[PDB]
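A.B. asks: Residue numbers (PDB author numbering), protein chains in the order written: chain A, 1 to 31; chain B, 2 to 70; chain C, 24 to 165; chain D, 3 to 731; chain E, 2 to 81; chain F, 452 to 526; chain G, 1 to 40; chain H, 1 to 40; chain I, 77 to 151.
Ideal placement from N, C-alpha and C gives every residue a C-beta, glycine not left out.
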Amino acid sequence: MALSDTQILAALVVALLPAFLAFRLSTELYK
Amino acid sequence: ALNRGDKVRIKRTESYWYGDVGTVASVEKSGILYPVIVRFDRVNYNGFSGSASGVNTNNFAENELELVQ
Amino acid sequence: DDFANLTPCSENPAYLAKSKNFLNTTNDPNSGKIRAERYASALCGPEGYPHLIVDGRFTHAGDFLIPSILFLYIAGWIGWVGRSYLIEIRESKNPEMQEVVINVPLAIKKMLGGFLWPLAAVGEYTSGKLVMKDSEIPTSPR
Amino acid sequence: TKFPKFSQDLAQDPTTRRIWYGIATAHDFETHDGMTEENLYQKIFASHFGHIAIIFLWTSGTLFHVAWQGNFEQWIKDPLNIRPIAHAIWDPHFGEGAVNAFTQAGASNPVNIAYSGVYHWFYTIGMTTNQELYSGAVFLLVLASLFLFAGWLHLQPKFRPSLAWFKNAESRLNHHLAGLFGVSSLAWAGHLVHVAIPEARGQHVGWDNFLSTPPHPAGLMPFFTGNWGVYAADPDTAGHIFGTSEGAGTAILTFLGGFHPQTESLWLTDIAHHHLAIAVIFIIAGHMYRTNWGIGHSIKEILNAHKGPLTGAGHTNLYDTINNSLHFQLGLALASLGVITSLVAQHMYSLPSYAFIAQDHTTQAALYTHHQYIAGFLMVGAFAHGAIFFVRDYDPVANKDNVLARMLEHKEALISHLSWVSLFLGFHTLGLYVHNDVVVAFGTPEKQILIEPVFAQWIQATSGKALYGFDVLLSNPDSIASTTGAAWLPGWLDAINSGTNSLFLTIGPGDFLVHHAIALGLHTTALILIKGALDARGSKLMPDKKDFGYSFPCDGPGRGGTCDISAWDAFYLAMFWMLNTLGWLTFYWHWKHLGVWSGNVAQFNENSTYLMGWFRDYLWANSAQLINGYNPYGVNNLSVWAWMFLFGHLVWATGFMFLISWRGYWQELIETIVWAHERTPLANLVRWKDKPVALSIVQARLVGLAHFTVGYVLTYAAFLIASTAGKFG
Amino acid sequence: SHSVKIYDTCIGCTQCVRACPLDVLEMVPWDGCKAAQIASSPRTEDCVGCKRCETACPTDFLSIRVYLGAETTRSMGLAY
Amino acid sequence: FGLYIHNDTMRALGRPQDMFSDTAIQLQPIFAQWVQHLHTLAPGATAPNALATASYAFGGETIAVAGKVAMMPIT
Amino acid sequence: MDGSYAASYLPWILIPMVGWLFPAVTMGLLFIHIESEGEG
Amino acid sequence: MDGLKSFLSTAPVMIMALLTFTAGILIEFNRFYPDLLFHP
Amino acid sequence: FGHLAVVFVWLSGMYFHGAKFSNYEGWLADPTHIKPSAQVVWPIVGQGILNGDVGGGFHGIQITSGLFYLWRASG
Ligand code: CLA
Ligand code: CLA
Ligand code: CLA
Ligand code: CLA
Ligand SMILES: CCCCCCCCCCCCCCCC(=O)OC[C@H](COP(=O)(O)OC[C@@H](O)CO)OC(=O)CCCCCCCCCCCCCCC
Ligand SMILES: CC1=C(/C=C/C(C)=C/C=C/C(C)=C\C=C\C=C(C)\C=C\C=C(C)\C=C\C2=C[C@H](C)[C@H](O)CC2(C)C)C(C)(C)C[C@@H](O)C1
Ligand SMILES: CC1=C(/C=C/C(C)=C/C=C/C(C)=C/C=C/C=C(C)/C=C/C=C(C)/C=C/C2=C(C)CCCC2(C)C)C(C)(C)CCC1
């Protein structure tokens, strides 16, 4: 059966974390 | 050690005639870094773009040449 | 039993059907027939066109080997006469001038004395004049 | 100006060159201001962490979008008819015609059609519901997060690695061979055995019940006793229907060989024994180099021992050269990756692994073209970074008399003989092609010079192809090699001796001509790259080229003119030849496979011997469906491909402005424009901050080459996809 | 700005000085050549790197070399 | 040229009514049309001693030799 | 435009942000950064 | 004439003469014996 | 003067090749059924296929320079 919209929203919430980690890594590499 | 009428091989390693043979045109008194003058048959690349020839002579020191004659 | 996918054009129905209409390249009216009779002896594909075999076998030696030697002799002739003329013109006090204005007598003299080029080249190599030492040649910086 | 902080020469530039060259030299850490070796290595380590995280995010996004907007759970029920869906389309600029045209694959909205063949890959490894795809996407998100955090952490001052830790070659080789290769392949074999094969035999195995059900009815007893042959007993029958239990065996590790009768792909049990054996071999290989226990080989001793009497010093001091230079390592890695990428393409288009992927012709064509182009790019990069090594890292006194420094001793011979071979190939290949063209033009095509590719046909015979009647080796049923009772021989000979597959396609004269043309292209691109790399240190025209760096415009018009003299210019020239060779390669592959799929092999067999056949039966003929994607009468699903086709034909041409016209003209024009702006009332209020200037010479070459390459890739991609999809899809 | 260096192979032929359009070179007394003069580049901040000086040099390779570096308003030859 | 690119994109997207075509937003060369109309009327009054127009490209009858058109009006 | 996939409203807002809001913001910040004088 | 002979012996005239000679050789051999794919 | 001589040689060449190697007299009878032709190819290696049929039993290259119409307009 197809995905549920709650799954999509949860996927976005989960993907929030690698965004923050990537921002931190980029700022560290900028130094 | 050389004089006019000597066939020499070049060892400058940056000259155009490295490994070529040239004739000793003239040498002069001391106090000059590169006294010997060598004239070559094959001209080098010198000249502006589209020029018809180059330069057939240069100045070398004594230890940059090997004597053949 | 090589070339099980190839059959002689003499026994190829495609070649038999398509060889009746061969065009005439020259004004000679039989040149199509001559082409057909000469190409009947080759190996043909399913399209009725001759194919050549260059694996080295002597049964198909005319496919590549004979024209190979035919080319090689002429190319060696040209190269040897050119090199000989250049070498002999070098010590003429104006080799550069005689490269644009051809010395016709000497040019023809080298043209004639050039059929024996293989023997001359073999003799010269044994005499050391065919190649030069690497310490006697201009080199670019490493 | 602050930007770029890593270079002060660029930071004081008042023009717009500052921004361009700041972007250009950003990721070249080796020449930043005040850069140390340790800091360089640590920055590289963190950036590599970043690229890995990006790769994992990309894979997660592919999985997520397929699971969300795809038709996987309907594609599995009929892989031979349904079209896989890549992602949905949300274009507000769309009209109604495009909306009706792109509502394809039995969807309910505008939608794309996947040609990366991920549906086959997911089906083959046992994923049957989109919930599993979603779980994989989330897990990949978590993995990417972990790798980003790892980069951040190993960048911290107290977790910052030392220089010696970055120069431990033996330990890195051991760990990455045994662990990264051997252990990973062993785990993959375990995944195939424990999950993939049972799912292929109609058994649902997941995390909830994999720990209970054993893959084989006799679990781990024969493996330790030594009765391994039990696992190879009762394999899948030829009447096996993929994904069901109808006519399926219980064996897990077999050497059946050949192809699955239904999916026309390699047997999964063959994959299992293959990856397991490879894992064992790699684990044995990983215990080769000594780290700290005394046992093991040391690379320096090996290299210094293998000296030659003809090479003077042999492989002396090469360990220090390779360990100290990063460009040497990058060149070696790029060469290896390009070679094995080309290998991947060649051995995948002929030996498909994923189920039903041979039937879907468009995806096969796309995969071959994609990985072959990538291999070409990597091969160019190997030589480019090797030339950079020669410019920067090479030491003529540490490498004295070894093999590396001995190349420069006979570099003139290398370049001259390579140029001779390129000329010899090109002259006679073009002569044969033009001869055939002229002969056919005069209405007498029976006079074509048609050479049979005898040697390659002999190779096919040796592998066991009986069509040509050479009866040598495996084709000879009486030779020793064909009577060893090897378990793979019957199935393999069955697969090779059927024309229904791409396994060892039948070849003819046009194949001979095009292979020799490809050889010409390869030797010529190699000539350009090798000449550029060997002349990087210097030449007669510029004996001191090393003191000028790697990428400099020229040396002015003096000494006869010195345009395009740096090694960067050799790379820039060789890129064109790489593109041309890849074009020839892919055109040949595509035409031959179009003939094979349609069954009309005669078309290629006839018209591939002269160039007009290529122009008419391949270019002119197949373009009919593509360019009619949108018409004065309407529009169909190939409209986007026609638009991208024209887009590539436009960008390719746009690159010629930078490739042909040069700087001074544009600088004078820009001066006039500056005058015009400064004298315009109501426009002098707004003034620039960086003085506008024309693009630099090297930047111009790079930009032109970039536009050229993008157009070149996009045009052929659009043509290939559109032609194959309209004809078959 | 660009860097102009004169090596010890100069013969004091003065061609480089005359060929320079932005007045960067100069003739200074010397002893290593017959002409007893050598080339100097006191005003390299005004050099645009047009390579005319090198094109005028008659010695083998070049006794005068020009290496292009940081670009300023002068070295880029801008009038705006 | 952006007129051409815009027309291309509008056709590609299934928006033929947004194109720059004669059945859409029109760009009529009314000046050349007017000059053609004038040059067609020249034999009437503006050049009284002329029998036919200088060329049938401007307008008028269709001149055909054998079965092939020799010259006909070019709209 | 609309589709039958779950959470069909997500493209309606996500695509404009990644097409207008995100590019505008990043180019604005980059232009501000690349022009900040001093501190070379 | 000396100058006439010297002009006739210049590079372009001589290469044109040799090229036309070889072209004549090939043309005649192909008129009398056409369609020679190989030596049987 | 030299370029004038060259142009005159070219013009005389066109006139001669139309006089001798053309079907101008043939075309002059039925100009709506005979294609102009003034280049004839020697049959050597199969280029005799180029001497195509231009009508009226003449075989040669069809010309497009319009010399036949110019000559007829010259009487
Ligand atoms: C006016 C023309 C026009 C425009 C504006 C669009 C716009 C769009 N189309 Mg589209 N389309 C058009 C014509 C057009 N189309 C035509 C004529 C056809 C043929 C019928 C199509 C066929 C088509 C299909 C089939 C699809 C689209 C899709 C899309 C959307 C993709 C969103 C996107 O790419 O964001 C992301 C933006 C980019 C990837 C642009 C990046 C480009 C640069 C070069 C890369 C960045 C380089 C550099 C590093 C940048 C630095 C940082 C930067 C921020 C400064 C977007 C709304 C897709 C869609 O609906 O999306 C779900 C889709 O599937 N279109
Ligand atoms: C067992 C321990 C172990 C393991 C697992 C790794 C693993 C890794 N190390 Mg490593 N390392 C180790 C010990 C280990 N290291 C030790 C002890 C040292 C110190 C001596 C180092 C020092 C070190 C350095 C200095 C660096 C690494 C890096 C890396 C990463 C390379 C990135 C990559 O391509 O991987 C993925 C590779 C594979 C999955 C295999 C390669 C694929 C080959 C070509 C075969 C192709 C497979 C198949 C045919 C295709 C599949 C198709 C499928 C998709 C359908 C990788 C994750 C690099 C990095 O930055 O990572 C963060 C790096 O710069 N390591
Ligand atoms: C593992 C891969 C890898 C790595 C780590 C490096 C690392 C490096 N390379 Mg190398 N290289 C590689 C592969 C790699 N290379 C390959 C495959 C090639 C062949 C093409 C090259 C060719 C190459 C050259 C020719 C040069 C380097 C240089 C460098 C150094 C950094 C400068 C640089 O390129 O950054 C800056 C990079 C860029 C500015 C690239 C931007 C171009 C973008 C990505 C293209 C996008 C096109 C367009 C937007 C697409 C939109 C499509 C849309 C319209 C539809 C650094 C040592 C330089 C050097 O000498 O360093 C000392 C240098 O001159 N490399
Ligand atoms: C169709 C276009 C084309 C062609 C034919 C060539 C041909 C050649 N390139 Mg080349 N090149 C091209 C485009 C082309 N290039 C482009 C676009 C680039 C990107 C800038 C390059 C970049 C490039 C580099 C960087 C190098 C070459 C090299 C070569 C030579 C390698 C030998 C070879 O491949 O075949 C053999 C040669 C040919 C097939 C060409 C000869 C064709 C004629 C018909 C032969 C007879 C001459 C003819 C009768 C003369 C009549 C003149 C008269 C009518 C006035 C060859 C001369 C390499 C080289 O110099 O090799 C030593 C080399 O280093 N090229
Ligand atoms: C469809 C038409 C195809 C032609 C398109 C036209 C292309 C543009 C023309 C080029 C610019 C013209 C002036 C050249 C520019 C110019 O004058 O020289 C420029 C260039 C040399 O320029 P440099 O600045 O290097 O020269 C400085 C030296 O002159 C020092 O004095 O010379 C050539 O290009 C050499 C060409 C000679 C050609 C060698 C072959 C001779 C063949 C002659 C046969 C000719 C045809 C015969 C009649 C059919
Ligand atoms: C003598 C001479 C010169 C000089 C020549 C020199 C110096 C030559 C030097 C050559 C060297 C150093 C090396 C040569 C190597 C040659 C090799 C390796 C030949 C290989 C042959 C093979 C592999 C034959 C292959 C098959 C043989 C057979 C006929 C089959 O059916 C077809 C086929 C193709 C399979 C010039 C250039 C100055 C001038 C010339 O005119 C003459
Ligand atoms: C300059 C330089 C560089 C570069 C270069 C390059 C990159 C190269 C490449 C190269 C290459 C890339 C090569 C390749 C090679 C390959 C090979 C060598 C192969 C082999 C193979 C074989 C031998 C096979 C065999 C077989 C067969 C055939 C069949 C059966 C099986 C077997 C396997 C047996 C570098 C960086 C390094 C360094 C520095 C310098």
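Going along chain C in order, which residues have a C-beta closer than 8 Å to the C-beta of residue 1(B)?
C.D. replies: This structure leaves residue 1(B) out entirely; chain B is present only between 2 and 70.
A.B. asks: Would you say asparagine 57(B) reaches chain D, if we count a Cβ-Cβ gap shorter than 9 Å as a contact?
C.D. replies: As a position in the second sequence, residue 57(B) is number 56, starting the count at 1. Judged by the 9 Å Cβ criterion, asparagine 57(B) is not in contact with chain D.
A.B. asks: From the beta carbon of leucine 17(A), is the nearest beta carbon of chain D less than 9 Å away?
C.D. replies: Counted from its first residue, the first sequence places residue 17(A) at position 17. Judged by the 9 Å Cβ criterion, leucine 17(A) is in contact with chain D.
A.B. asks: Taking the alpha carbon of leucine 29(C) as the point to measure from, which residue in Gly99(C), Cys67(C), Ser115(C) has its own alpha carbon closest?
C.D. replies: The residue labelled residue 29(C) in the question sits at position 6 within the third sequence. Minimum Cα distance to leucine 29(C) is reached at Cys67(C).
A.B. asks: For ligand 5, any of its heavy atoms closer than 8 Å to the Cβ of residue 1(B)?
C.D. replies: Here chain B comprises residues numbered 2 to 70, so residue 1(B) is not present and cannot be evaluated.
A.B. asks: Look at the alpha carbon of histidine 33(G) and the alpha carbon of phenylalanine 5(D), and state the distance between them as a whole number of angstroms.
C.D. replies: Start at 1 with the first residue of the seventh sequence, and residue 33(G) comes out as number 33. Start at 1 with the first residue of the fourth sequence, and residue 5(D) comes out as number 3. For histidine 33(G) and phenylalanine 5(D), the distance between alpha carbons rounds to 7 Å.
A.B. asks: Keeping to the same chain, check which residues put their C-beta closer than 7 Å to that of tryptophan 77(D); ignore five residues upstream and five downstream.
C.D. replies: One-based indexing of the fourth sequence puts residue 77(D) at position 75. If we look at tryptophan 77(D) and ignore the five residues flanking it on each side, its Cβ neighbours are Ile84, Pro86, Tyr121.
A.B. asks: Give me every residue whose Cβ sits closer than 5 Å to any heavy atom of ligand 2, in chain order.
C.D. replies: My final list is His50(D), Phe51(D), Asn170(D), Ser173(D), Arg174(D), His177(D), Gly181(D), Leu182(D).
A.B. asks: With H, G and I counted as helix, E and B as strand and the rest as coil, what does DSSP make of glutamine 106(D)?
C.D. replies: Taking the first residue of the fourth sequence as position 1, residue 106(D) is located at position 104. Coil, per DSSP.
A.B. asks: Just checking my contact of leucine 613(D) with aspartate 439(D) at CB under 8 Å: how many whole Å lie between their CB atoms?
C.D. replies: Counted from its first residue, the fourth sequence places residue 613(D) at position 611. Counted from its first residue, the fourth sequence places residue 439(D) at position 437. Yes, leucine 613(D) and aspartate 439(D) are in contact; Cβ-Cβ is about 5 Å, under 8 Å.
A.B. asks: Would you mind working out which of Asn306(D), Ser418(D), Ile376(D), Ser267(D) sits nearest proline 354(D), comparing C-alpha positions?
C.D. replies: Indexing the fourth sequence from 1 puts residue 354(D) at position 352. Among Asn306(D), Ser418(D), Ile376(D), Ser267(D), the Cα nearest to that of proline 354(D) is on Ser267(D).
A.B. asks: What are the residues that DSSP puts in a beta bridge with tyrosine 68(E)?
C.D. replies: Numbered from its first residue, the fifth sequence carries residue 68(E) at position 67. Bridge partners of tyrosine 68(E): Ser4(E).
A.B. asks: Got a sec: does ligand 4 put a non-hydrogen atom nearer than 8 Å to the Cβ of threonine 526(D)?
C.D. replies: As a working mapping, residue 526(D) is identified with position 524 in the fourth sequence. Yes, the beta carbon of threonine 526(D) sits closer than 8 Å to at least one heavy atom of ligand 4.
A.B. asks: Along the region 527-544 of chain D, where does the CB come closer than 7 Å to a CB of chain C? Name the residues.
C.D. replies: Listed in sequence order: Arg539, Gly540, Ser541, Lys542.
A.B. asks: Check for me: the beta strand (DSSP E) holding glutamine 115(I) runs from which residue to which?
C.D. replies: As a working note, residue 115(I) is residue 39 in the ninth sequence. Per DSSP, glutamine 115(I) belongs to the beta strand (DSSP E) from 113-115.
A.B. asks: Is any heavy atom of ligand 4 found at a distance shorter than 8 Å from the C-beta of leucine 529(D)?
C.D. replies: Counted from its first residue, the fourth sequence places residue 529(D) at position 527. Yes, the beta carbon of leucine 529(D) sits closer than 8 Å to at least one heavy atom of ligand 4.
A.B. asks: So with CB distances below 8 Å, who are the chain G contacts of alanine 2(A)?
C.D. replies: Along the first sequence, one-based indexing puts residue 2(A) at 2. Ordered by position in chain G, the residues that pass the 8 Å Cβ test against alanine 2(A) are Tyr5, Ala6.
A.B. asks: Around the Cβ of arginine 66(E), are there at least 16 other Cβ atoms within 10 angstroms (buried) or fewer (exposed)?
C.D. replies: Position 65 of the fifth sequence, counted from the first residue, corresponds to residue 66(E). So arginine 66(E) counts as buried.
A.B. asks: Is residue 736(D) near ligand 7, going by C-beta to nearest heavy atom under 8 Å?
C.D. replies: Examination of residue 736(D) is not possible in this model, given that chain D is present from 3 through 731 alone.
A.B. asks: Among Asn686(D), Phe660(D), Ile243(D), whose alpha-carbon lies nearest the alpha-carbon of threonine 711(D)?
C.D. replies: On the fourth sequence, residue 711(D) is found 709 positions in, with the first residue counted as 1. Measuring from the Cα of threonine 711(D), the nearest candidate turns out to be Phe660(D).
A.B. asks: Just to confirm the assignment, what range does the beta strand (DSSP E) spanning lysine 8(B) have?
C.D. replies: For the purposes of this step, residue 8(B) is taken as the residue at position 7 of the second sequence. Note, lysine 8(B): beta strand (DSSP E), 8-11.
A.B. asks: Whether or not the region 707-721 of chain D and the region 651-665 of chain D are in contact is what I'm after, with contact meaning three or more pairs of Cβ atoms, one per stretch, closer than 8 Å; do they touch?
C.D. replies: Counting Cβ pairs under 8 Å, three or more are found: they touch.
A.B. asks: With distances taken between CB atoms, is the gap from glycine 97(D) to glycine 465(F) smaller than 9 Å?
C.D. replies: Here residue 97(D) is taken as the residue at index 95 of the fourth sequence, counted from 1. Here residue 465(F) is taken as the residue at index 14 of the sixth sequence, counted from 1. Yes, the pair counts as a contact, with Cβ atoms nearer than the cut-off.
A.B. asks: Buried or exposed: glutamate 67(B), going by 16 or more other Cβ atoms within 10 Å of its Cβ?
C.D. replies: On the second sequence, residue 67(B) is found 66 positions in, with the first residue counted as 1. The residue in question, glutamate 67(B), is exposed, as its Cβ has fewer than 16 Cβ neighbours within 10 Å.
A.B. asks: Leaving aside the five residues before and after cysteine 21(E) along the sequence, list all residues of the same chain whose C-beta is less than 7 Å from its C-beta, in chain order.
C.D. replies: Within the fifth sequence, the letter at position 20 stands for residue 21(E). Cβ within range, chain order: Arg53, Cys54.
A.B. asks: Just to confirm, does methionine 381(D) get its C-beta within under 8 Å of one of the non-hydrogen atoms of ligand 7?
C.D. replies: Taking the fourth sequence and counting its residues from 1, one reaches residue 381(D) at position 379. Yes, Cβ of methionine 381(D) sits closer than 8 Å to a heavy atom of ligand 7.
A.B. asks: For ligand 7, is there any heavy atom lying closer than 8 Å to the beta carbon of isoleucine 532(D)?
C.D. replies: Within the fourth sequence, residue 532(D) is the residue found at index 530, counting from 1. Yes; taking the cut-off as 8 Å, the Cβ of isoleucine 532(D) has a heavy atom of ligand 7 nearer than that.
A.B. asks: Please tell me whether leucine 143(I) and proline 112(I) are closer than 9 Å, where the distance is taken between their beta carbons.
C.D. replies: For the purposes of this step, residue 143(I) is taken as the residue at position 67 of the ninth sequence. For the purposes of this step, residue 112(I) is taken as the residue at position 36 of the ninth sequence. Cβ atoms of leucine 143(I) and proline 112(I): closer than 9 Å.
A.B. asks: Can you tell me whether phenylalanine 61(B) is helix, strand or coil according to DSSP?
C.D. replies: Numbered from its first residue, the second sequence carries residue 61(B) at position 60. In the structure shown, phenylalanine 61(B) sits in a strand (DSSP, three-state: E or B).
A.B. asks: Return the first residue and the last residue of the beta strand (DSSP E) that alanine 515(F) is part of.
C.D. replies: Here residue 515(F) is taken as the residue at index 64 of the sixth sequence, counted from 1. Start and end: 514-516.
A.B. asks: Check for me: the alpha helix (DSSP H) holding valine 144(D) runs from which residue to which?
C.D. replies: Locating residue 144(D) in the fourth sequence gives position 142, counting from the first residue. Counting along the chain, the alpha helix (DSSP H) containing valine 144(D) begins and ends at 132-156.
A.B. asks: Residue range of the alpha helix (DSSP H) that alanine 315(D) falls in?
C.D. replies: Here residue 315(D) is taken as the residue at index 313 of the fourth sequence, counted from 1. From DSSP, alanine 315(D) is part of no alpha helix (DSSP H); its letter is neither H nor E.
A.B. asks: For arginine 53(E), decide whether its Cβ has a neighbour in chain D, counting only Cβ atoms nearer than 9 Å.
C.D. replies: Here the question's residue 53(E) lines up with position 52 in the fifth sequence. It does: the Cβ of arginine 53(E) has a partner Cβ on chain D nearer than 9 Å.
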